[PDB]
Amino acid sequence: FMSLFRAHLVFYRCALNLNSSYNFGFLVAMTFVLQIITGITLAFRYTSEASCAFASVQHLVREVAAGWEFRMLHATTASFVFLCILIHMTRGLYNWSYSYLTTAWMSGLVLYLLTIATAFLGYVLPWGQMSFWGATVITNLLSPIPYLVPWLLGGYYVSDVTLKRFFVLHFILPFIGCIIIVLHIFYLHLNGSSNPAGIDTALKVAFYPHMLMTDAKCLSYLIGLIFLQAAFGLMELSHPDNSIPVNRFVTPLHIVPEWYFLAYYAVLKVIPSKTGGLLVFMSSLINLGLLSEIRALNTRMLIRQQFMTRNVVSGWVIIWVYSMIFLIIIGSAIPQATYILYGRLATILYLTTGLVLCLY
Amino acid sequence: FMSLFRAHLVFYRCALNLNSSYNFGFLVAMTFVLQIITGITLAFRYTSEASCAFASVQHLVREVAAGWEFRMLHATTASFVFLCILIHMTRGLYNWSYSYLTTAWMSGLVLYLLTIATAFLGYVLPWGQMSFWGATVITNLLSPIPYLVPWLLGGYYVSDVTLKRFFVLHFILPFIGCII
Amino acid sequence: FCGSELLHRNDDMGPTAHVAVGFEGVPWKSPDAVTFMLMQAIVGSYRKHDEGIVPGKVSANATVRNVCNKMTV
Amino acid sequence: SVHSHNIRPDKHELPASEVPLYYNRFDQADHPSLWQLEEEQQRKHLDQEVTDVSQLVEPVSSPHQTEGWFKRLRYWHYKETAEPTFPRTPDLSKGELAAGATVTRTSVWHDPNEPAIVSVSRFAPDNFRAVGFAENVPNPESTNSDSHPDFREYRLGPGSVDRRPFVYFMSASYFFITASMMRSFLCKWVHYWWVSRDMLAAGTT
Amino acid sequence: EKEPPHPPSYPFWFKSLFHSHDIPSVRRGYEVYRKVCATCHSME
Amino acid sequence: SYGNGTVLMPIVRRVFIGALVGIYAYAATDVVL
Amino acid sequence: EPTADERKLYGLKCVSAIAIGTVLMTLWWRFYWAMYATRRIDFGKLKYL
Amino acid sequence: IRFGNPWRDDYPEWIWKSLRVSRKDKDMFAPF
Amino acid sequence: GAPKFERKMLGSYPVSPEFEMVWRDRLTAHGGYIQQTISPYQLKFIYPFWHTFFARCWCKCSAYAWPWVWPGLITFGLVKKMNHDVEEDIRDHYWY
Amino acid sequence: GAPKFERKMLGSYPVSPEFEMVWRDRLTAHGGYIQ
Amino acid sequence: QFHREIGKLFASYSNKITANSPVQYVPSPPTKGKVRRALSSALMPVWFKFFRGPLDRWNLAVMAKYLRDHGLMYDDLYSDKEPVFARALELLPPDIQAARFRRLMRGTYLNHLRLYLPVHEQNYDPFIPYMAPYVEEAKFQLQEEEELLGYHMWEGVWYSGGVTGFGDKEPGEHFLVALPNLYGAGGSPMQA
Amino acid sequence: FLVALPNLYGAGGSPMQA
Amino acid sequence: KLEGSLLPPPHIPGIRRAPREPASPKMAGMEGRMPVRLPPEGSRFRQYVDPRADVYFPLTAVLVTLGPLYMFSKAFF
Ligand SMILES: CCCCCCCCCCCCCCCCCC(=O)OC[C@H](COP(=O)([O-])OCC(O)COP(=O)([O-])OC[C@@H](COC(=O)CCCCCCCCCCCCCCCCC)OC(=O)CCCCCCCCCCCCCCCCC)OC(=O)CCCCCCCCCCCCCCCCC
Ligand SMILES: CCCCCCCCCCCCCCCCCC(=O)OC[C@H](COP(=O)([O-])OCC(O)COP(=O)([O-])OC[C@@H](COC(=O)CCCCCCCCCCCCCCCCC)OC(=O)CCCCCCCCCCCCCCCCC)OC(=O)CCCCCCCCCCCCCCCCC
Ligand SMILES: CCCCCCCCCCCCCCCCCC(=O)OC[C@H](COP(=O)([O-])OCC(O)COP(=O)([O-])OC[C@@H](COC(=O)CCCCCCCCCCCCCCCCC)OC(=O)CCCCCCCCCCCCCCCCC)OC(=O)CCCCCCCCCCCCCCCCC
Ligand SMILES: CCCCCCCCCCCCCCCCCC(=O)OC[C@H](COP(=O)([O-])OCC(O)COP(=O)([O-])OC[C@@H](COC(=O)CCCCCCCCCCCCCCCCC)OC(=O)CCCCCCCCCCCCCCCCC)OC(=O)CCCCCCCCCCCCCCCCC
Ligand SMILES: CCCCCCCCCCCCCCCCCC(=O)OC[C@H](COP(=O)([O-])OCC[N+](C)(C)C)OC(=O)CCCCCCCCCCCCCCCCC
Ligand code: HEM
Ligand code: HEM
Ligand code: HEM
Ligand code: HEM
Ligand SMILES: [Mg+2]
C-alpha cells in the first residue's frame, strides 16, 4: 500500500494558489482520530448501567490519574468537529465546488448525517438531567413516523435499556465513518481539487513539501486551541443542568441542546404544526443533495467563479450564514411573542436562500 | 472492488483433486462472522459492572425474548472455532504446506494467538467462580515476567476494573483479526 | 556557486529529454583532485545502443545495473 | 469522463441561432493565414499609456442581458440548447456568425459567382473572428509583472553566510518539542491505566 | 416568565489563568459548612 | 449522455424535484387554499 | 473540582510549548513558500537572469 | 473612494512605492 | 483528471504506480516556457512576506468589504431593535 | 503462480482485471491434448 | 399483446407531431403571457430606472475589475471538464491556444500573491467572445452523436472489462470497479 | 504486502506485457 | 469615433468586415468612474436609464428585498 501512499500524499500535484480554506478537511480527519483515541480510553472506565452511569463519570474525574484530561479533551474536541465541518461546507458553497465534484459532495453529506447521529448518542451517556430530557424531546419530533420511537428505546420511556444500546451504537458508528472517508477521497482524487479563482491551470506543484507544511501549520493551531479551552475553560460549551442527576418527575426550567444543534431547533420551534415542521427538515436536506446536479438545471453553461469580490449584492451563502447566527440567538432565549415574530422572519431567509442556490 | 471479487472467487483456478480437507478455512471464517453478529447483539444487554455482570446474563436468558438463542449460540460456536482451526492446522502438517506457503503459515500462527487471547477474555465476562479463579491462575503463570500482571488488572487482584477493560479488548480484537 | 535551475520546456521536439546536474568541485592543484577523477569513474557511463559484450543487467557497475533493470525495461 | 452534456430543447432558453447572448458581430477571412497581417497592421490598446481607472477602454458589450427572479449574475455567453431542424439563416451583411448547424442546414454559403467547393471552404471556424480581437486579447510575455518583486531582490549572493546550520536547527527544535509532547501523552495514558487513588488507600491498613 | 438577572462579577482570586485556590479561605468555609449547611445538605 | 456510466444521479434528480413540489403544495393547501 | 490547580499548572506548560512549536513550523512553511513565490517564468524568450 | 469600489479601486501611490524599495545585498542579521 | 487529448503521452516507458496521479493530469505546454528557480537555502524567506504586506492586505480587505461587512452591520442592527421591542413588550403586559 | 518460462503469452490482447489470477498461472500444454 | 396497444398510443401522438411540423424556419412563440408582458411594460420606467438598471451596471463593473486585476478574459473562466467545451478546445488553432495557456498561468500566479496589476496593463476589453465559432461547431458534433447512437437504454455485460456495464467506456472511474489488481505494477489506459 | 494494490483507478496490466 | 473598444479596421483584401456602431453621446453622472456603455440609441432601455441612480443602489437593494419581508412580518407574524 506504499505506492498508494506516495502517489496520493507525496507526488500528487496541486494548484499553486491554494490557501487555508483548503486545509479544513485534514483538520476534521484529525479530530476523528483524537476522538477515537480518547473515546476508547474513556470506555475502559465507563459504566452503561443507568443507576451508576452518572457516578462513573464523576469518579473517573475525581479519583483516576489524568482522568480529567481525557474527559475534558473528548468534550471540547467534539465542539471543534462541528466548527471545522461548518467552515468546510461553507467553502464549497462559496466556490460552487459541487459543480464538478458531484459524488464528493454527496458522500460528504452522508458523513455529516453520521456525525450528527454520533454526537447525539454521546450526549445521552453521562446521564444527567439534560441527557434524559433532551433525548425525550428530540425523540418525539419523530413521532409522526409510526412506531419509530418505542423500539429505539426498547421501553415505554427513555429507560435504562436505551442507555445500554446508545453506548454500543456510539462505539461503532465512528469506525463506519472512517470507511466512508475512503470513498470521499476516492471521488475527490478522481477529478482533482479546485482552487480559489475557479479556473483551469497548469501552474501546479507537488503536495510534498510545499502543501504538506501548510496542513502541519494548521494542525498546531488546532491542538493549541483545544488544550487552551480544555485546560482553562474560557468558553461555556456545556450546560450546567447536566451536572445534576436525572429526575423523571421534574423538568428543568430551560431545555436547550448543544450550540451546534440550536439553529434548526429554533426553526422547528417557531413552526406551530408538528407534521409541517418535520417536512421542513426533509426539504432542506433534499435541497443540499440536489446541488450535485446543478449543471443540468439550466441549459446555460455555468462557471465556478461567483464574483463576490467587491459586490454589493453579496452572495446567498453569506446571507445564510447570518440567518443561522440570528437563529442561534433565538434558540437560546426564553419563549416570548416578540422572539417568535423575529424567529419566523429569519426562518424564511434560512430556507429561501437554500432554494435559490439552485437558480442561475 | 467487483473485479477483485470475480478474480478471486469466480475465475480462480484450482486443482481437480481437492476434497473436504481444503474446506475448513472457509468454515473458520464463517464462525467469526457468526460470533460478530451474535456478540454485538449480546452487547446491547450486557453489563460490565462486576456487581451486576453475573445477573445481567441470567436476566438476559430468563426474561428477554430469544435471549437464550443468542447466548447459547455464542457459547457453542466458540467451541467449533477451535475444532475447525485444529483440523485446519493438521492438514498443513500432513502435507508440508509450509514448504512453499511460508508467509501463509506465519500469518496463520498470528491469527491463532489472536483467537486464543480473544477466547480467554470472553470467558471471564460472565463473572462466575470459574471466571474469577481461572483468570487468577492463568495470570500467575506469567508472573516470572516482571510487572506484566498488576497492570493488566489495574489492581491488587482480579477486581471490578479488570472486567471493564476485558470487555473493551474482547470487543476490539476480532475486528483486528478480520484485517489479518 | 548558485544553486538554481534553468529549464526549457518544449513538447514539439520529440519524445527525448536532455538534462545535466552539477556540483561545486575543486581546482587543478587541489590535494583531492585525483580522488575526484576516481569518483567520476565509479559512476561511469552507459549507452543503450552500444553496451558491448557485458549486458547492462549484469554489469559490475551498480549504477548501470540499477538503471538497466528499472521497470524490467 | 463521468460527466454528461445537457444538450436538450428548452422553451425559456431559446437557441443561440435566435438569441446569441454574446455580441454577434464577426469578420470573415477568405483564408485564415490572412489573420497574421491583421495582427501586424492593427494597433493594440495595451501599447498606450494610461494612468487612471477612469481612462480605461469601455467594452462594446451591453450590461443589460439576462433577467429573472433571484438571478444574481447578469451576464453570460454560451448555452447547450438544442438546435431545431430548420434554424434561422444568419445575416452576413450585419456581421452575424455562421457555424455548426447554421452552415449544414441553411443555404448561407451559396455564392452565385463561385463554385460551391470554393465558397464553403471559407466557413470553417478558423475563418471567423469577433470584432475587437486584434485590439484587445492579451498575449503575456511572462507570469511576472515588472511592477512586482522576484528572486533578484531576495537572493543571497557572494559574501553571504551559509544557512544550512540554521535550517536544521529550526527543524530539530520543532522535533524535540513534538517528541516531549508525545512522551507526556503516553505517560498520562499509562497512569490512567494504573490503579486509582481510591483503591490505593483501601490497601493500607 | 422572564430571563433572571445576571449576577455581578466578584473578584475571586481563582478567576485568573495564573492563579490557584485561596486555601486559608477554603479552610474557613469548611467550618461554615460543618456548623450551618450540613444540617440540611449532603455532599455525598 | 452516450459514453458515460453516471446513471443513478439523473434518477436522484427527478425524485428530489418531485418531492419538493409535493411538500410545498401540501403546505399551501393547508395555509392558503 | 479539587483537580483544578493540577489542571491549570499543566496547561501553562503545554500551551506555551505548543505556541513555540507553532512559530517554528511557520518559519519552515515560509522557507518553502519563497522558492515558488519568487520564481520567474518567461514565454518566448529569456528576459532576465 | 477607491477602497472596496469596483468603479475606482487602485493602489494608492504610497503602496506602489513600498513595492519599489530595494534591500539587495543587505543582511542585518549576518552576525547571528 | 485532464482531458483525453491532453493525457496523450509522447514517450513509451510505462507509468510507475507511484506516479499514477501525476500522469492522469498531464497537460501540454502550448507554446513552451522557460523556468528559473533559486534554492531555498539561498533566499530571504521572511522579509518578502512583510515587503508586500500592505499590498496583500489592501487586496484582501477590499474584496471582503461590501459582501461581508455590509450585511453584518444590518444583522447587528436587527439584533438591537429586537432586544428593544422585547423589553417594552414585557412592561406593557406585566408592569403597573 | 507459474514459472516465468510458462507465464509467457502467445497473444497480445491485454489481461483484463477479472482474469489476473488466471494468467498468473498459465501453463503450456506440452504435446497437446483433445478434451 | 399489451405491449402492442401501448405502442399504438405512442405512434398516434408521434404521427400528429410530424403532420404539424413546418418545413422552414418559423420564429418561436412568446413564452410569457400577455398579462405578464403588460405589467412589466407598465412598471418598466420605474423598476428599470432605480433597480434593474443599476443592478446590470454594477454586475459588469464587478466582473471587469476582477478579470483585469488578473489579466484574464471572460471565456477563460470555462472548464475543460465540460464535454462541449473540451471538444471546442481540441478544435483551436495554435496561436489562440498558446495565448490562453499563458493567461491562465499568469492568473494563478497573481491570485497566489494577491497583488494587482498596474493600471496600464489593464487597458483591454475582457468580454470578446474568442471561443464562439468553436463552441457552436462542438455543439453540432455532439448533438449528432447523441441522436444517432444514444436514443435507447442499451444492455451490457456487468462488471466486465474494467467497466460497470451500464454505459461507461473508460475503466476504473466508479467505486465498484476500483482497485483493478492486487499484484503486479499496474498500467495506464493511455498505453494499451 | 507493502507494495500490494498498485493502482486505484484504471484497468491495471500484466508485468509480462511490458 | 466608434462605440466601445473598437478602432478603425485596416483594409486588407480577403477580409470582409462587419459594420461597426458609431460613438453616441454621454450622460451626466459618470465622471471619475470606470466606463460602462449605455443602451443603444434606438432602444426603450436608453429612454429610462440614468447613471446617477448607481450611487443609491446599495440602499435600494436592501429595501426591495428586506423591506417587504419586515413589514409583512410585523403585521401577521
Ligand atoms: C500584541 C498585543 C495583542 C494583540 C495581538 C493579537 C494577540 C492574540 C494572539 C495572536 C493572534 C495573531 C497571531 C498571528 C496569526 C497568523 C496566522 C493568521 O493570520 O491566520 C489567518 C489565516 C488566513 O488564511 P490565508 O491563507 O492567509 O487566507 C485565506 C483567505 O482569507 C480565504 O479567502 P479566499 O478568497 O481564498 O476564499 C473565499 C472564501 C471561501 O470561504 C472560506 O474560506 C470559508 C468561509 C470563510 C468565512 C468564515 C465565516 C463563516 C463561518 C461562521 C461560523 C459561525 C460560528 C457559529 C457560532 C456563533 C456564536 C454566536 O473565504 C472568505 O470569504 C474569507 C474571508 C472572510 C472575511 C470575513 C469578514 C467578517 C466581517 C465581519 C463584519 C462584522 C460587522 C458587525 C460589527 C459590529 C460591531 C461594530 O488563517 C490561518 O492561517 C488559519 C490558522 C488556524 C487554522 C484553524 C484552526 C482553528 C479553528 C477555529 C477557528 C476557525 C476560523 C479560522 C480562520 C479561517 C479563515 C478561512
Ligand atoms: C479503497 C482503497 C483504500 C484501501 C482499502 C480500503 C478498504 C475499505 C473500503 C471499503 C471496502 C468494503 C466495501 C464497501 C462497499 C460499500 C458500498 C459501496 O461502495 O457503494 C457505493 C455505491 C456507489 O457505487 P459506484 O460504483 O461509485 O456508482 C454506482 C453507479 O454505477 C453509478 O452511480 P452514479 O455515479 O450515477 O451515482 C452514485 C451516487 C448515487 O447517490 C445516491 O443514490 C444518493 C445516496 C445518498 C443519499 C442520502 C444523502 C442525503 C440526501 C438528502 C436526504 C434524503 C432523505 C431521504 C428522502 C429522499 C426523497 C424521498 O452515490 C454517491 O454519491 C456515493 C455516496 C456514498 C454512499 C455510501 C454509503 C454506504 C452505506 C452505508 C450508509 C450509512 C449511513 C450512516 C449515516 C446515516 C445514519 C442515520 O453507492 C451507492 O450507490 C449506495 C448508496 C447508499 C446510500 C445510503 C444513504 C443512507 C442515508 C439516507 C438518508 C437518511 C436520512 C434520515 C434522517 C432521519 C433524521 C431523524
Ligand atoms: C501577537 C502574537 C504574534 C507574534 C507577534 C507579532 C508578529 C510579529 C512579531 C515580530 C517578528 C518579526 C520581526 C521583523 C521581521 C524579522 C525578519 C526579517 O527579515 O526582518 C528583517 C528585514 C530586513 O532585513 P534584511 O537586511 O533585508 O534581511 C535580513 C535577513 O537576512 C532576512 O532573512 P530572512 O528573510 O530569510 O529571515 C531572517 C530570519 C532570521 O531571524 C533571525 O534573526 C534569527 C532569530 C532566531 C530565533 C527565532 C525566533 C524564536 C523565538 C521563540 C520564542 C523564544 C524561545 C526561547 C525561550 C523563551 C522563554 C520565555 O528571520 C526569522 O527567522 C524570524 C524570527 C522571528 C520569528 C517571530 C517570533 C515572534 C514570537 C516570539 C515569542 C514566541 C511566541 C510567544 C510564546 C512564548 C511566550 C509565552 O525586515 C523585515 O522583515 C521588515 C520588518 C517589519 C515587519 C514586522 C512587523 C511587526 C508589526 C506587525 C505585527 C503586529 C502584531 C500582530 C497584529 C495582528 C494580530 C492582531
Ligand atoms: C391586505 C394585506 C395583504 C398583504 C399581502 C401582500 C399584498 C401585496 C399587494 C401589492 C399590490 C400592488 C403591487 C403589485 C406588484 C405586482 C408585481 C408582479 O406581479 O410583477 C409584475 C412584473 C412581472 O413581469 P416579469 O416579466 O415577470 O418581470 C419579472 C422581472 O424580470 C424580475 O426579474 P428582474 O431581473 O427584472 O429583477 C431582478 C431580480 C434579481 O435581483 C437579484 O437577484 C438582486 C438581489 C440583491 C440582494 C442584495 C441584498 C444585500 C443586503 C442583505 C441584507 C442582510 C440580509 C441577511 C441578514 C438577515 C438576518 C436575519 O430581483 C428580484 O428577484 C427581486 C426580489 C424581490 C423580493 C421580494 C420578496 C418579498 C416577500 C414578502 C413576503 C411574502 C410572504 C412570504 C411567506 C409568508 C409565510 C407563508 O414584474 C415587474 O415588472 C417587476 C415588479 C417587481 C416588484 C417587486 C416588489 C413588489 C412589492 C409589492 C408589495 C409588497 C408588500 C408586502 C408587505 C405588506 C404589508 C401590509
Ligand atoms: C516510529 C515513529 C516514532 C514513534 C516514537 C517516537 C515518538 C513519536 C512522537 C514524535 C517524535 C519526534 C519525531 C522523530 C524525529 C524525526 C527526525 C527525522 O528523522 O526526520 C527526518 C527529517 C529531519 O528534518 P530535515 O529534513 O531538516 O533533515 C534533513 C537531513 N539532515 C538534517 C540530517 C541533513 O524530517 C523530515 O524528513 C520531515 C518530513 C516532513 C514531516 C513534517 C512533520 C509535520 C507533521 C504534519 C502531519 C501530521 C502528522 C500526524 C498524522 C496523524 C495520523 C493519524
Ligand atoms: C467523531 C467521533 C465522536 C464524537 C463526535 C463523540 C462525541 C461525544 C460526546 C459529545 C460525548 C458527551 C461528552 C459529555 O458531555 O460528557 C461523548 C461521550 C462519550 N464518548 Fe464519544 N464521541 C466520538 C467518538 C467516540 C468513540 C469512538 C468512543 C469509543 C470507542 C467514544 C466513547 C465515549 C464515551 C465512553 C463517552 C462517555 C463519557 C463522557 O460522557 O464523558 N466516543 N462522546
Ligand atoms: C468527516 C468529515 C469529512 C472529512 C474527513 C473530509 C475530508 C476532506 C478532505 C481531506 C478534503 C481535501 C482537502 C480540502 O479540500 O479540505 C475534502 C474536500 C472536499 N470535501 Fe470534505 N470531508 C468531510 C466532510 C465533507 C462534507 C460535510 C462536505 C459537504 C457537504 C464535503 C465536501 C467536500 C468537497 C466538495 C471537497 C472538494 C473541495 C474542492 O476541491 O473544491 N466534505 N474533504
Ligand atoms: C481465522 C483463522 C483462519 C482463517 C479464517 C483461515 C483461512 C484460510 C482459507 C480460506 C484458506 C484456503 C482454503 C483452505 O485451504 O482451507 C486457508 C489456507 C491455508 N491456511 Fe488458513 N486460516 C486461518 C488460520 C490458519 C492457521 C492457524 C494456519 C496455520 C498455523 C493456517 C495456515 C494455512 C495454510 C498453510 C493454508 C494453505 C494450505 C494449502 O494450500 O496447502 N491458517 N486459510
Ligand atoms: C472469534 C470471536 C469470538 C469468540 C471466540 C468469543 C468467545 C466468547 C466466549 C467463550 C464467551 C463466554 C461464553 C460463556 O461462557 O458465557 C464470550 C462472551 C461474550 N462475548 Fe464473545 N467471542 C467472540 C466475539 C465477540 C464479539 C465480536 C463481541 C462483541 C462485539 C462479543 C461479545 C461477548 C459478550 C458481551 C459476552 C458476554 C456474554 C456471555 O458470557 O454469554 N464476542 N465470548
Ligand atoms: Mg447548465
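We number each residue from 1, going along the chain as drawn.
The header says electron microscopy, 1.8 Å.
Any Cβ shown, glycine's included, is placed from N, Cα and C.
Noted in Swiss-Prot for the protein shown:
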- A:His74, A:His170: heme b b562 binding site (BINDING)
- A:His88, A:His184: heme b b566 binding site (BINDING)
- A:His189: ubiquinone binding site (BINDING)
- A:24-44: transmembrane segment (TRANSMEM)
- A:68-90: transmembrane segment (TRANSMEM)
- A:104-124: transmembrane segment (TRANSMEM)
- A:166-186: transmembrane segment (TRANSMEM)
- A:211-231: transmembrane segment (TRANSMEM)
- A:277-297: transmembrane segment (TRANSMEM)
- A:315-335: transmembrane segment (TRANSMEM)
- A:339-359: transmembrane segment (TRANSMEM)
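Sequence features annotated in Swiss-Prot and their locations in the structure.
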residue	record	DSSP (3 states)
A:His74	heme b b562 binding site	helix
A:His88	heme b b566 binding site	helix
A:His170	heme b b562 binding site	helix
A:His184	heme b b566 binding site	helix
A:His189	ubiquinone binding site	helix
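Of all Cβ atoms in the protein chains displayed, 20 besides its own lie within 10 Å of the Cβ of A:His170 (heme b b562 binding site). Rounded to the nearest whole angstrom, the C-alpha distance between A:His189 (ubiquinone binding site) and A:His88 (heme b b566 binding site) is 17.
For A:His184 (heme b b566 binding site), the same-chain residues lying six or more positions away in sequence with a CB closer than 8 A to its CB are A:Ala104, A:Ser107, A:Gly108, A:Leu111. Other Cβ atoms within 10 Å of the Cβ of A:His189 (ubiquinone binding site) number 18 in total over all chains. The recorded stretches the transmembrane segment (A:68-90) and the transmembrane segment (A:277-297) do not share 3+ CB pairs below 8 A when only pairs 6 or more apart in sequence are counted, and are therefore not in contact. Beyond its flanks by at least six residues, the transmembrane segment (A:24-44) meets 60, 70-71, 73-74, 77-78, 80-81, 84-85, 87-88, 91, 171, 174-175, 177-178, 181, 215, 218-219, 222, 226 of its own chain at Cβ-Cβ distances under 8 Å. Take the CB of A:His74 (heme b b562 binding site) and look out to 10 A: across all protein chains shown you find 18 other CB atoms. Between the CA atoms of A:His74 (heme b b562 binding site) and A:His88 (heme b b566 binding site) there is a gap of 21 Å, rounded to the nearest whole number. Sequence-distant contacts of the transmembrane segment (A:315-335), counting only residues of its own chain at least 6 positions beyond either end whose CB sits under 8 Å from a CB of the stretch, comprise 90, 93-94, 254, 256, 259, 262-263, 265-267, 269-270, 306, 308, 342-343, 346-347, 349-350, 353-354, 356-357. Recorded residues A:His88 (heme b b566 binding site) and A:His170 (heme b b562 binding site) have their alpha carbons 24 Å apart, per Cα-Cα distance. Listed by sequence, the residues of this chain that lie at least six past the ends of the transmembrane segment (A:104-124) yet keep a Cβ under 8 A from its Cβ atoms are 78, 81-82, 85, 89, 92, 97-98, 130-132, 134-135, 138, 158, 162-163, 166, 169-170, 173-174, 176-177, 180-181, 183-184, 187-188, 191, 257-258, 260-261, 285, 288-289, 291-292.
Note: none of the binding-site residues A:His74, A:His88, A:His170, A:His184 has a C-beta at a distance under 8 Å from a chain I C-beta.
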